[PDB]
Undergrad: 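I am attaching a structure below and will ask some questions about it afterwards.
Because only heavy atoms are used, hydrogens play no part in the values below, and waters and symmetry mates are left out as well, while side chains stay in. Chain letters run A, B, ... following the sequence lines, proteins first and then strands; every chain starts at 1. When a ligand or atom number is given, it counts from 1 through the structure's own listing order.
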Amino acid sequence: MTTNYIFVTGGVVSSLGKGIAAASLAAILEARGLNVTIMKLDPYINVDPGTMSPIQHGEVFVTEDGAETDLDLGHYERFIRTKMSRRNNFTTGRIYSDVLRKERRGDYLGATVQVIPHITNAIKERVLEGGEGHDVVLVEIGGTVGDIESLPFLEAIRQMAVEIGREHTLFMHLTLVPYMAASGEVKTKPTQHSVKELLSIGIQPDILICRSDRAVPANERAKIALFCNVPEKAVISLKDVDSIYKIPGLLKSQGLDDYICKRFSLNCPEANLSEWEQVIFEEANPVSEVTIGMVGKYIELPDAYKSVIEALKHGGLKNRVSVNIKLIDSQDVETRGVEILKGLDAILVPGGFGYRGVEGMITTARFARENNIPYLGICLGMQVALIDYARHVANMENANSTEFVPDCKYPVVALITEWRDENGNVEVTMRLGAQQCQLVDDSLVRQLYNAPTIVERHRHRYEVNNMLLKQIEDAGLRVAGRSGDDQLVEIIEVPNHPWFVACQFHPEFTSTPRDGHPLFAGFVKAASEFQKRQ
Amino acid sequence: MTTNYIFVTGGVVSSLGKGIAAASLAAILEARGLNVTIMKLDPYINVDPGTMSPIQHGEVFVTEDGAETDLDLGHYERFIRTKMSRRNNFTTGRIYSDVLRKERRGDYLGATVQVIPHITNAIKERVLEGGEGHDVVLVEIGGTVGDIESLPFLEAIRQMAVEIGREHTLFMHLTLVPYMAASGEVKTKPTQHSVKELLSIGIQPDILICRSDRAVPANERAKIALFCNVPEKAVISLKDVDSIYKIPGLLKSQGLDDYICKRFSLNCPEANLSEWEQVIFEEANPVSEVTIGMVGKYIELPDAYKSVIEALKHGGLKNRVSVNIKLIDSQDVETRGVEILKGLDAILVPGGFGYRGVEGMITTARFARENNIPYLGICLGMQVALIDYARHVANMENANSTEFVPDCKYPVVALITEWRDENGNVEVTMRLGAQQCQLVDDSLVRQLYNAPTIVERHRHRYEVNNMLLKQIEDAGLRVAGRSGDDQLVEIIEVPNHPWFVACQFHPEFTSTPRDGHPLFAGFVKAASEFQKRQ
Amino acid sequence: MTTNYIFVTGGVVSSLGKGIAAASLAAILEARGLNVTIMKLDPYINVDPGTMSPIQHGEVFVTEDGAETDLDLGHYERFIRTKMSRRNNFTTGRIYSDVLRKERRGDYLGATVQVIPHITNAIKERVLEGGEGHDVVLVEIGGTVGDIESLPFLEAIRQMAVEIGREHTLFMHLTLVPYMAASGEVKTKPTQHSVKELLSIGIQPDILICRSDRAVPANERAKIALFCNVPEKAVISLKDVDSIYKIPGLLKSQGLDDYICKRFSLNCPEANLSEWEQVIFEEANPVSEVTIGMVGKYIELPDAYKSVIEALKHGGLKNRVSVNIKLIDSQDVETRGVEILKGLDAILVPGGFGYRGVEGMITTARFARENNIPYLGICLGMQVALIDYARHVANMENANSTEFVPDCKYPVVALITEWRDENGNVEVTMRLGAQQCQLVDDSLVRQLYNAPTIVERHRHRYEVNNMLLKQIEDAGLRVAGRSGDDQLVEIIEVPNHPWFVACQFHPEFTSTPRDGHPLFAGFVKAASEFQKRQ
Ligand SMILES: Nc1ccn([C@@H]2O[C@H](COP(=O)(O)OP(=O)(O)OP(=O)(O)O)[C@@H](O)[C@@H]2F)c(=O)n1
Ligand SMILES: Nc1ccn([C@@H]2O[C@H](COP(=O)(O)OP(=O)(O)OP(=O)(O)O)[C@@H](O)[C@@H]2F)c(=O)n1
Ligand SMILES: Nc1ccn([C@@H]2O[C@H](COP(=O)(O)OP(=O)(O)OP(=O)(O)O)[C@@H](O)[C@@H]2F)c(=O)n1
Ligand code: NA
Ligand code: NA
Ligand code: NA
């Protein structure tokens with residue numbers, strides 16, 4: 001059958017939760033047995049988020065194929081089982097970069113290269129490339145309708161709708177319906193003006209998703225329908241929910257998936273949301289409560305640790321525990337000491353780059369190791385764990401990473417090419433995406449993962465220095481996992497500790513609310529067990 | 001069968017010939033056996049054009065039922081055989097007048113009366129009133145898309161399309177496609193911008209009629225289709241033709257009627273445009289040529305005499321005479337004398353109000369009478385013919401109308417209530433629309449109309465003074481027609497003349513290019529006869 | 001000195017509190033010694049709100065000259081000491097009514113009457129009429145920028161700005177800046193889009209007043225300035241304050257009046273807001289608390305009783321009583337009985353029309369009288385108080401108003417022309433605006449107003465029947481006030497009661513927060529006295 005496209009646009013404001021809304025709709029369609037994918041079109045000129053600061057954009061999501069993408073693809077993978085790739089995320093920058101390259105080498109045969117049709121054609125090609133061979137493709141258009149940055153995307157999808165036909169294309173538009181205290185009424189005017197803006201660029205929306213702090217009553221939905229040339233049943237209320245896992249249910253209860261399947265002439269069974277009903281239940285009914293400190297350098301923006309914060313919450317779902325995440329500035333541990341780590345049932349040190357706040361994270365890994373507080377180190381969290389141990393147990397004074405102190409005596413962490421020992425002797429690449437890791441037979445990790453070989457995702461350059469490893473191993477530290485021919489250290493553990501695991505890979509990118517994650521399941525359990533020994 | 005609506009809008013500029021294009025489309029649909037009507041929605045505040053001077057938006061057209069309307073209804077009646085009434089023309093003024101009246105007396109029951117829905121409801125009610133009981137209703141929206149004055153009409157028809165459904169409603173949009181000499185190319189940008197403007201108001205055009213001084217090539221039509229979400233075959237070219245009677249053929253040859261009948265699911269035969277082909281043939285194959293002088297006070301805007309000019313052309317068709325119409329200012333006859341009436345094969349004095357330029361018309365009527373030049377007087381053209389004959393034959397010094405000189409000794413023209421004689425002795429209201437007129441047995445008009453009674457349309461309050469008539473009759477003037485129990489003089493003749501006729505009514509409003517008009521056929525024949533004699 | 005105009009527009013949503021913001025700005029300019037006025041341009045088709053039910057856009061405000069106006073004029077009179085008249089409020093309906101009347105009788109001399117210039121000219125003439133002879137005129141444009149209904153007003157004021165010049169005209173634009181919980185950020189996008197919409201109509205705002213549930217931070221204000229061609233200091237924040245009396249101070253503290261006086265070249269002293277500081281102080285420092293029950297038929301929209309609710313708050317200010325207003329449906333008293341009138345320190349029955357809920361108010365007046373609960377009746381609240389006393393004390397079975405029961409034996413309230421007695425014997429028009437009322441020597445109101453004559457504002461046609469009055473007077477009811485040569489009953493009192501007063505007029509329309517109102521000051525004092533006694 002012909003591939004169907006749902007173009008999802010945002011009006012009035014950004015921060016409507018358009019990613020989660022699109023992911024939720026994809027979840028309902030997947031729950032119908034449909035082959036569904038989602039792609040994010042980002043209006044930024046960055047060729048990809050690889051260069052971007054976590055504090056500004058939020059976390060860099062890493063796909064299996066090793067693409068650095070918008071954190072929204074994390075939302076997508078946590079709602080549908082289709083694996084994201086490079087084909088599921090592209091930016092204005094990628095499109096202009098491609099068109100400029102083709103132009104400079106002469107692929108347009110001396111033609112004038114214009115936003116229309118050359119930029120729009122490049123956009124359409126990447127949308128077809130990522131979509132074709134699926135039943136339904138959700139295409140999330142970043143930016144707000146009315147802004148300059150999204151116009152080429154909006155013109156591209158307008159052209160696609162006409163070419164492919166309106167039997168296989170829907171326009172879905174999210175708007176804000178603000179509630180005013182003074183009048184006690186919700187306002188449809190912003191939605192009306194947003195739809196006019198969308199029409200002015202040549203797009204008639206087929207479905208309106210109205211975001212408000214409460215449900216949009218029938219009267220206001222009827223007003224929106226009348227003013228926006230949209231049938232009443234295609235005006236969906238999506239209130240501020242206490243849990244995003246409810247959103248698939250709320251959309252189904254309003255017939256959104258029925259309307260879509262009718263429009264695309266899909267005969268498929270009723271959506272089975274039983275896994276989501278289970279997730280909703282687990283989250284609403286925690287038996288215990290835990291305070292887990294996340295000690296890092298990007299806590300200025302929580303979205304910097306989006307997938308880590310979500311992976312913890314998923315650990316809470318599997319153990320029926322309410323995880324209170326305390327975001328602690330690692331630089332505050334340097335200034336004010338381990339005083340601010342007191343009253344934590346567990347400690348997590350997530351990913352990061354740069355020396356700023358790293359000495360605070362080293363101190364944190366020590367305090368966790370010495371006081372038997374459950375610890376999970378991710379990438380940089382493993383680096384500071386190996387440094388702490390080598391520095392304070394194996395007695396390798398000032399042991400550090402070459403990333404932070406290039407010419408230190410004991411570079412316990414360094415690039416493969418920088419690998420040297422304490423005397424400066426030597427022997428004789430960025431790691432991105434899914435890599436097979438070999439677990440050790442007696443390790444806490446091999447128990448939790450319940451398998452010999454795991455696949456987790458890397459985004460790191462600096463590796464555990466194999467030339468200084470044996471000296472750290474003999475001082476008590478255990479290597480729980482390794483990968484490849486170079487036998488690179490993937491996971492370390494501290495025996496004589498209730499729960500101490502640090503890994504190079506980013507386990508948070510494979511964690512889902514439905515299937516959870518072994519490491520975070522274990523980690524939150526250990527946090528619970530620790531909390532009821534006080 | 002549900003009534004189908006075609007909403008005709010104009011963009012870029014006014015003066016696109018939107019009325020003639022709508023009329024021409026109606027003529028194709030009429031030629032398919034469809035029950036078709038047209039209505040004009042005028043954005044002006046005047047309750048009707050009754051108060052408006054003809055130097056503004058042109059002549060005041062009068063319908064059978066006595067409605068004063070836009071001259072566009074003249075175009076409608078000349079292209080389809082459906083008779084126009086008050087239901088076929090209304091203004092913003094009419095809508096506001098009706099809604100304000102209803103509001104003031106309390107019909108809206110304490111509701112806030114708003115443009116939406118109260119003004120838009122009133123507009124839709126009048127469109128449904130004028131339209132329902134027809135197969136296809138063409139609704140011409142006056143003004144230009146993007147202007148404030150038309151927005152209530154556009155919002156009204158947007159709501160109609162949604163309510164009635166898109167199976168029974170089409171949006172047809174006329175645009176300008178200018179030719180630029182500099183690039184020798186035709187420009188689609190105005191059409192693109194006009195369609196965006198129409199979309200921003202919530203209307204997707206289904207058909208684009210592109211007006212240019214030449215045919216719009218296939219590539220530019222394909223470009224318009226691409227940018228305007230309109231199928232390529234729904235992009236119609238309409239060049240500036242030498243004859244408006246060719247337009248129905250040009251629209252048919254591009255499949256406009258085929259597209260409309262498909263969208264509306266109408267099983268009707270192919271259009272037989274034989275009647276229009278015949279008119280085109282007649283017009284292109286004249287045998288002789290005449291110059292007819294039209295002497296009036298509104299010549300500065302020819303559309304002041306739209307129906308009269310067209311009626312003269314129809315007379316030409318019926319005699320195979322090419323009519324050269326010379327518009328002559330009656331005020332120039334007051335200054336420069338009868339010198340400017342030389343080289344005329346016939347003289348027409350059309351309708352008008354106010355004394356300005358009337359003495360020039362009286363002189364013109366005298367000149368036509370004394371030099372045996374064929375003369376047709378319409379309304380004022382009859383008044384000045386009666387005045388001429390009263391002064392210069394019946395020897396009534398300064399004989400005039402009370403409209404111009406209230407207290408003259410010989411008010412040969414006056415209101416029925418003002419009727420007096422030369423000594424001021426008396427006997428013991430506006431006429432609008434179709435009135436029966438009794439024709440006199442041995443009269444020129446009796447043999448032209450070939451019937452004892454005729455129906456013609458009036459717009460005048462100033463009648464022939466019956467108290468001074470008997471004196472003018474004895475002096476040689478023949479009453480050729482009377483009407484009503486008041487035996488009001490409708491037609492006069494000077495029988496010592498080849499062709500001298502003047503009527504109170506506006507015969508030009510019943511003249512069509514297909515069926516012609518007896519009076520004008522005779523006038524142009526007399527002009528041809530006069531031309532031959534020189 | 002040339003009169004200066006500040007055009008106040010709203011974008012994004014209605015219910016921005018635009019009237020109170022304009023009034024507050026007027027109050028700052030008043031406190032600088034400037035001769036300031038405000039006018040409201042309402043986009044509704046109603047010629048005036050006289051026909052409108054109070055459940056629509058709220059209470060019908062009445063001016064001294066007897067004009068029925070938008071309740072915004074209530075806000076204006078409560079913030080400046082300039083008296084509002086018919087010149088301070090007009091609707092689209094009024095403009096169209098005037099232009100249609102002029103057009104129909106022929107004032108436009110055969111011209112085509114268009115929205116531009118004829119409607120826009122009529123609007124500008126009324127703005128100049130209401131404004132000229134003042135230093136600064138605030139012109140509040142009703143509706144929201146982007147809507148059809150306001151476009152004639154916006155085009156009118158655009159033309160005014162150009163004609164008068166930008167040395168004497170400012171555009172002030174109110175927008176919503178929503179807070180999003182998801183991102184914990186404030187959103188400028190709606191303001192950006194609203195300013196673009198205003199610019200697309202040809203208006204560059206000079207000042208932006210940003211409405212949010214909190215202060216708009218400096219960075220977001222700088223962003224708004226950047227995108228909207230507006231200086232940073234002309235971007236004013238206005239949070240949702242706990243008291244509207246603080247708004248003048250907040251606008252002054254951001255230099256709004258300084259910017260306005262600079263742009264208009266006005267040498268006037270710094271604003272002394274001592275009167276507003278005093279009101280704020282009074283409001284924030286109550287000594288006691290009372291619950292006053294307001295029993296009416298319009299409680300579903302509180303703004304139906306805007307001026308009454310405000311008048312009760314002003315009474316509270318003058319007694320340092322915090323007034324808890326309980327809105328009670330009079331229909332609930334008809335069903336559930338006087339049970340719901342328990343725990344009330346005083347009862348107010350405000351104005352209204354129609355029989356619906358009146359029997360509940362009669363019961364309420366009885367309950368207040370018999371249980372010695374302080375009672376204020378306004379217009380209908382007086383009618384039901386007279387009816388109560390006629391039935392239950394003067395023993396007149398089913399005594400009523402002719403408005404509700406036309407043919408009752410005892411029409412104690414009726415039109416002057418309907419006045420009859422119990423046996424149907426007779427004696428041998430709308431009251432609007434300020435009328436003098438004579439107060440009786442030994443009356444409660446005579447001592448509250450401390451004057452023999454008072455000026456109060458009327459809106460009623462149904463008077464006290466003087467033919468049945470003498471019977472009710474003998475039964476104990478005291479006439480406290482009369483007016484005119486017809487000695488119509490204006491105020492009644494039950495003198496066997498701590499505080500029972502009811503007036504025909506609307507005292508709430510002359511009550512201000514600064515100068516209070518004698519009647520309401522007394523009512524709230526009586527409520528305080530009653531509260532203490534329990
Ligand atoms: N294109 C449009 C749309 C609307 N209007 C007008 O709008 C006014 C209602 O004024 P409102 O502030 O209450 O706006 P509303 O439509 O109710 O939406 P909201 O309140 O839920 O935000 C009403 O006279 C009219 F419909 C308009 O003029 N042109
Ligand atoms: N919404 C739009 C539409 C078009 N464009 C651009 O427009 C440029 C061609 O500029 P042109 O003056 O030649 O305009 P064109 O479209 O050929 O119509 P025409 O009047 O010439 O017949 C071309 O780089 C690109 F298509 C645009 O930016 N945004
Ligand atoms: N005419 C405009 C204005 C802006 N843009 C773009 O807008 C994007 C930021 O998108 P945002 O949702 O964050 O909007 P922002 O401007 O911050 O206001 P706010 O509501 O968040 O307070 C940013 O890449 C770029 F500025 C645009 O394309 N064309
Ligand atoms: Na509203
Ligand atoms: Na071109
Ligand atoms: Na932002």
Side-chain angles (χ1 to χ4, degrees), chain A residues 12 111-112 114 116-117 175-180 182-197 199 210 212 216-217 219-229 235, chain B residues 99 108 111-121 148 151-152 154-156 158-159 177-180 182-192 200-203 216-217 219-220 222-224 226-227, chain C residues 9-18 42-46 52 55-58 91-93 141-154 174 176 178 190 194 197 201 301 303:
Chain A
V12 184
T112 303
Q114 303 162 348
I116 307 163
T175 58
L176 181 68
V177 174
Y179 168 94
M180 305 294 289
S183 70
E185 287 184 336
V186 307
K187 315 304 291 194
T188 66
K189 196 64 58 183
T191 297
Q192 293 172 42
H193 294 173
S194 185
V195 169
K196 293 314 206 200
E197 193 55 35
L199 279 159
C210 300
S212 192
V216 181
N219 270 338
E220 281 74 44
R221 291 200 277 95
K223 179 173 281 179
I224 290 166
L226 176 66
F227 282 124
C228 302
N229 301 310
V235 177
Chain B
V99 167
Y108 290 118
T112 308
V113 184
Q114 300 158 356
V115 176
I116 310 161
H118 299 92
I119 295 297
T120 52
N121 281 356
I148 289 165
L151 287 177
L154 292 177
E155 174 56 18
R158 185 196 67 74
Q159 286 175 13
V177 172
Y179 171 83
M180 303 302 297
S183 53
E185 275 194 317
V186 106
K187 311 305 289 176
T188 65
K189 197 61 60 184
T191 297
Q192 292 177 50
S200 83
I201 293 156
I203 295 162
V216 176
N219 284 346
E220 284 79 344
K223 189 190 283 158
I224 290 165
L226 180 67
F227 284 114
Chain C
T9 57
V12 186
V13 296
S14 64
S15 307
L16 285 178
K18 186 155 76 274
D42 285 308
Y44 45 82
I45 309 307
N46 311 71
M52 293 168 81
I55 69 179
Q56 283 294 282
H57 278 239
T91 69
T92 301
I141 312 308
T144 309
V145 170
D147 280 357
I148 289 165
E149 64 179 12
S150 57
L151 287 177
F153 291 146
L154 292 177
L174 274 81
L176 182 61
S194 189
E197 192 54 57
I201 293 156
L301 187 70
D303 284 348

Undergrad: Judging by distance only, is a nitrogen or oxygen of A:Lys189 under 3.5 angstrom from one on ligand 1?
TA: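 Indeed, backbone or side chain, A:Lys189 has an N or O that close.
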Undergrad: Can you confirm whether some protein heavy atom lies under 4.0 Å from atom 9 (C) of ligand 1, or whether none does?
TA: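 No.
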Undergrad: Which of the atoms in ligand 1, numbered in the order shown and given with their element, are less than 4.0 Å from a heavy-atom of A:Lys187?
TA: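 Numbered from 1, ligand 1 contributes 19 (P), 20 (O), 21 (O), 22 (O).
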Undergrad: Can you check whether A:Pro190 reaches C:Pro190 side chain to side chain, under 4.5 Å on heavy atoms?
TA: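 When only atoms from C-beta onward are counted, C:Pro190 and A:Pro190 do not touch, as no gap falls below 4.5 Å.
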Undergrad: Answer with yes or no whether A:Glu185 contacts ligand 1, where contact means a heavy atom under 4.0 Å from a ligand atom.
TA: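 In this structure, A:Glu185 fails to qualify as a contact of ligand 1 - no heavy atom is under 4.0 Å.
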Undergrad: When you compare ligand 1 with A:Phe227, is there at least one nitrogen or oxygen pair between them that comes in under 3.5 angstrom?
TA: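 In this structure, A:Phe227 places no N or O atom under 3.5 Å from an N or O of ligand 1.
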Undergrad: For atom 21 (O) of ligand 1, what's the nearest protein heavy atom and its distance?
TA: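 Of every protein heavy atom, A:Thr188 N, 2.8 Å lies nearest to atom 21 (O) of ligand 1.
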Undergrad: For ligand 1, which atoms have a heavy atom of A:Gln192 less than 4.0 angstrom away?
TA: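 So the answer, numbered in order with elements, is 3 (C), 16 (O), 18 (O).
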Undergrad: In ligand 1, which numbered atoms sit nearer than 4.0 Å to a non-hydrogen atom of A:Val186?
TA: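 Checking each atom against A:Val186, I get 21 (O).
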Undergrad: Taking the side chain as everything from C-beta on, heavy atoms only, tell me whether A:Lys189 gets closer than 4.5 Å to C:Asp147.
TA: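 Side chain of A:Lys189 against side chain of C:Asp147, heavy atoms only: contact under 4.5 Å found.
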Undergrad: Which one of A:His193, C:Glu149, A:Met180 has a non-hydrogen atom at the shortest distance from atom 28 (O) of ligand 1?
TA: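 Considering heavy atoms of A:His193, C:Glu149, A:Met180, the nearest to atom 28 (O) of ligand 1 sits in C:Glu149.
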Undergrad: Side chain, backbone, both or neither: which part of B:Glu155 comes within less than 4.0 Å of ligand 1 when only heavy atoms are counted?
TA: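 The answer is neither.
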Undergrad: Around atom 26 (F) of ligand 1, find the nearest protein heavy atom and jot down its residue, atom name and distance.
TA: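 In this structure, atom 26 (F) of ligand 1 has B:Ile116 O, 3.1 Å as its nearest protein heavy atom.
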Undergrad: Within the 3.5 Å criterion, strictly below it, is a donor on C:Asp303 or C:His57 matched to an acceptor on the partner's side chain?
TA: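 No, because no side-chain N or O of C:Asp303 sits under 3.5 Å from a partner of the opposite role on C:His57.
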Undergrad: We want to know whether B:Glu220 and B:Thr188 form a side-chain donor-acceptor pair, criterion being a heavy-atom distance below 3.5 angstrom.
TA: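 Result is no, nothing qualifies.
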Undergrad: Please verify whether a non-hydrogen atom of A:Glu220 lies at under 4.0 Å from ligand 1.
TA: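 Heavy atoms of A:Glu220 never come under 4.0 Å of ligand 1.
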Undergrad: With heavy atoms of A:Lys223 as the reference, note each atom of ligand 1 found under 4.0 Å away.
TA: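 Here the atoms of ligand 1 in question are 15 (P), 17 (O).
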